[PDB]
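A single chain, nothing else alongside it, follows as structure tokens in the form deposited in one PDB entry.
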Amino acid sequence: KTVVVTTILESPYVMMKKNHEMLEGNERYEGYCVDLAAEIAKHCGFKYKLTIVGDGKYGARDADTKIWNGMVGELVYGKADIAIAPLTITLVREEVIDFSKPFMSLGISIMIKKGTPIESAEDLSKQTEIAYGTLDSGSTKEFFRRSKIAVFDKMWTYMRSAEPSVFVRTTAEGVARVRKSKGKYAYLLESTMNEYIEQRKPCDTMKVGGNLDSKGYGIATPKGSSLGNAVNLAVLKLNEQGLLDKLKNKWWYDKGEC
């Protein structure tokens, strides 16, 4: 009956309301994906329950274990009926779960502490003084591990062997590392997140260079799910009506702090 929605605590997509302690169920959260979930549910005609993914990961398949973790895993193993979050549409994932057409378009980008002598990925690859890494168990790390183009291959070679680890468990951890490393750490993350943080106090980070690739986020459902068709149509309908653009302006710029 009630659709179990798996999501992730990633500002400004999903965040705890300041007074969540005195609220119940779905009312405890706020954000872009919370607003989107309510709309998808309205248009598809179903009641739902928002739940935060247990391991706090987006989703990747363990090499030897072969088990999927994160939100992808919750769907693969039947723990959730749908995932509404900044989950990237990728080949390896579409092989095991279904994705609606994208609700947000983005690409991998570079986040630096203001003043850092870095203007592009090629700049990062040709130097060694400034360390750089990505989020764990996600599409960004896989992008570099599989890239066959010179620059990115060079970047992966370095990142995979760097000590201490240059990878982080959460976006917040990567942003904090940039902010505290005095320009000696650069973070590779999706443009959407980079742009968001660039508008948050202390306004000490910035997105540099063009995006490394072009892709998008999609609402995911277990392969063969009966919700797939309607959800996809809802996303297209909502994008065409301007809701998605309205929602990004609401959570990114209307609330900018810089």
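Take the two forms, find the largest set of C-alpha atoms that superpose within 1.5 Å, and that set is the rigid core. Start at 1 with the first residue shown and count on from there.
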Check your understanding: Say the other structures are aligned on the rigid core; which stretch then has the higher CA RMS in 4 other deposited structures of this protein, 200-208 or 226-234?
Key -> 200-208
Exercise for review: Any chance you could tell me whether 68-76 or 136-144 drifts more in 4 other deposited structures of this protein, judged by RMS CA distance from this form after superposing on the core?
Suggested key: 136-144
Exercise for review: Look up the CA B-factors in the entry and say which stretch, 5-13 or 21-29, has the higher mean.
Suggested key: 21-29
Check your understanding: On average, are the C-alpha B-factors higher in 142-150 or in 109-117?
Key -> 142-150
Study note, to complete from the structure: One of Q127, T171, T88, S100 has the largest Cα B-factor in the entry, namely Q127
Exercise for review: By the entry's C-alpha temperature factors, tell me which of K57, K215, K49, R61 sits highest.
Suggested key: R61
Exercise for review: Can you work out whether the C-alpha temperature factor of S191 puts it in the lowest, middle or highest third of the chain?
Suggested key: lowest
Practice item. Quick one: classify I67 as lowest, middle or highest third of the chain based on its Cα B-factor. Key: highest
Exercise for review: Ordered by C-alpha B-factor within the chain, which third holds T221? Give me lowest, middle or highest, please.
Suggested key: lowest
Study note, to complete from the structure: Among the modelled residues of its chain, the C-alpha B-factor of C203 falls in the third labelled highest
Check your understanding: Considering only modelled residues of the same chain, in which third does the CA B-factor of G78 rank: lowest, middle or highest?
Key -> middle
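Below, we turn to the form solved in complex with a small molecule, even though it does not appear here.
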Exercise for review: Using a 4.5 Å heavy atom cut-off, indicate which stretch of 220-228, 42-50, 22-30, 188-196 touches the small molecule in the deposited complex.
Suggested key: 188-196
Review point. Would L75 count as a contact of the small molecule in the deposited complex, using a 4.5 angstroms cut-off between non-hydrogen atoms?
Key: no
Check your understanding: Though only this chain appears here, would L87 touch the small molecule in the deposited complex if you measure heavy atom gaps against 4.5 Å?
Key -> yes
